[PDB]
Every structure is written in structure tokens, then in C-alpha cells.
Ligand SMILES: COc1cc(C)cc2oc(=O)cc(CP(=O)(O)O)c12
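Have a look below at one chain only, the form deposited without this ligand, in C-alpha cells format.
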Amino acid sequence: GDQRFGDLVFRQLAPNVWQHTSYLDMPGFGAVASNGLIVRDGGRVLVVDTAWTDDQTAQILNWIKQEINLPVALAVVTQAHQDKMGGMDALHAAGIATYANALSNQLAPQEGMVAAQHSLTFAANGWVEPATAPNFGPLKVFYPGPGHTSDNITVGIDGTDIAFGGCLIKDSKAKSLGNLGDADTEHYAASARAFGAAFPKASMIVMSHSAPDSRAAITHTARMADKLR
């Protein structure tokens, strides 16, 4: 059963992994879910993505103390948008080390976001430069190329069958891709596929704006993006 905490909802996905869900009632469309991850690794917790706001991200941190009771070593934030980086201030106040794509960190100011404290960079093949992600333990970071945004990154969880597509991958039942101005409609499909190819054993795909899916989300996402070529 999903567990409630204030305005947030947590679902356990593995022994060592949870999905956090927070919501924003942006007028025009109603109530809007966003999902990130919490990972326990030995005696520390790692957070992927904040909630919509500082308050809500506070809530997350409180729930972590209450339910897991281990210190939050680092967060990785996956896109320069409110639903992934809206609670950076809360992470910083609590002494959590924050990491994001250098491009994400560059776009943040103009987006009204607070930059992560550290910047990640990527090799030509999409894998994060080891030196920029020290002591990430089970978190495997991959840049698949431009997709929903120029900056979207993805995360796999070694030891588990889970991979995080962030805002790149949409549910396998999506009727539209919901690409906006900042979407790269030329490379989207190949970027979706590259993520699939990077995490080839992952059976459960977690995503920002939908409940976790099978590998069908990847191939449906790719097919929807081909149509925009």
C-alpha cells in the first residue's frame, strides 16, 4: 500500500528503492504528479529529483528521517525544471550535496531555479565522467542525447532491475508526446532508444509524470517521437 506523508506519497519499489510523488495544481489541467527516487545504499540515502517546492521537499527529507533514519548523502537532479529542481534550497539548507548536468546548472537561473552545487559532464558515448560523480554507489548516470529537453539525464540503479527515464520516457499509454519548444524532435527517438540500450536488463522503468512501466514505455516513446521526424 502506498504510504502518505503530508502532500506526498511514497511507494516502495525494491528493498532499497522508493518512488516519491508530489503534486502541483497548476490551473488549466488540474493536479499534476511528479515522481523521483529515494535509494538506501548501506548507511546513506541518495535522492534523485526534488519535489515541486521547498516545502514539499522538506516533507520528503522528514519522511526519510522517520522511515529509513539514515543521513541523505547526495541528490542528483535530472532536468532544469520546477518539478525536479524546485526544492534545491531545502536540500541545501539540510547540508545535502547536490549534483546536476552542467547544462542543467547553466539553464537554472533563467528558469528561476537554484543551481546544483556540483556539475556533471558526459563522455561522447553518454556515460557520466567518473571524476564528476564521486561515490555515487548504485546510481549509474547516463545522458542519452537531447529529447524532452537538451539537458535531460537518466539514472540506473545497479543491483536492481530499475532505471529512471526522468522526463524523456512517457507512459506506454500516452496519446501524445507533450514535447514543447525545448524538445529536440529530430533526435528524440534515438535518445529514447539510447537509454533503452544503456540499461538493457532493467525491467521496471520509472518516469516523472506517470507510474512505473515495463520496457514498453521506451519503445512506445520512441515510436511516438519517430512520428515527429
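From 1 onward, residues are counted along the sequence shown.
Only in words, not in the display: the form solved in complex with this ligand, which the text now covers.
Enquirer: Spot the stretch among 195 to 203, 64 to 72, 41 to 49, 162 to 170 with residues whose non-hydrogen atoms come within 4.5 Å of this ligand in the deposited bound form.
Expert: Selected stretch: 162 to 170.
Enquirer: Examine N179 and determine whether its closest non-hydrogen atom to this ligand in the deposited bound form is within 4.5 angstroms.
Expert: Although this ligand is absent here, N179 would touch it in the deposited bound form, with heavy atoms inside 4.5 Å.
Enquirer: Flag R11 as yes or no: does it have a non-hydrogen atom within 4.5 angstroms of any non-hydrogen atom of this ligand in the deposited bound form?
Expert: No.
Enquirer: Judged by heavy atom distances of 4.5 Å or less, which residues of 191 to 229 approach this ligand in the deposited bound form?
Expert: Residue within 4.5 Å: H209 only.
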